[PDB]
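As numbered in the deposited numbering, residues 301 to 349 make up the first sequence, in order.
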Amino acid sequence: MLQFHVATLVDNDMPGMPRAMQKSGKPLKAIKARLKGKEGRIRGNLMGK
DNA sequence: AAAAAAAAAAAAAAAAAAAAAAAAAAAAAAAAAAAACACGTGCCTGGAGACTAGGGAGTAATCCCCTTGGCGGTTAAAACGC
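Now the structure itself:
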């Protein structure tokens, strides 16, 4: 479970790995979700601020 | 009048299609080491050549013994039938 919490802190988009459960019925938004994506920290905040 | 048990309110907690790259399994040919009937080699014991001389087999004559051939008399053996 410690490895599960560490992995979901790092990457919650890993297939074959149980998704982290948030309080509002959503998956947890990890740091990879903050960076990778069109609306991410790179494309939506550094590329397109 | 004081102690114990059940009921209810409050608080904490788990619950979509497409394409490139890599890993992997079945297969498959190529190439490098241990066996094994017959070939390579040297030795020798047996195969081969020559002379002697003799004794066992072939050849000639004879005969008589053994083998073959015929003719007749019941006749037991064979054949035929029910």
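Where a beta carbon is used, it is the ideal one built from N, C-alpha and C, also for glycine.
Where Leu328 is concerned, there is no enclosing alpha helix (DSSP H), because DSSP gives it neither an H nor an E.
Under the criterion of beta carbons closer than 8 Å, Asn312 and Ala330 qualify as touching, at roughly 4 Å. Spanning the alpha carbons of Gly337 and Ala320 requires a straight line of approximately 19 Å. Note on geometry: alpha-carbon atoms of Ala307 and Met347 lie some 27 Å from one another.
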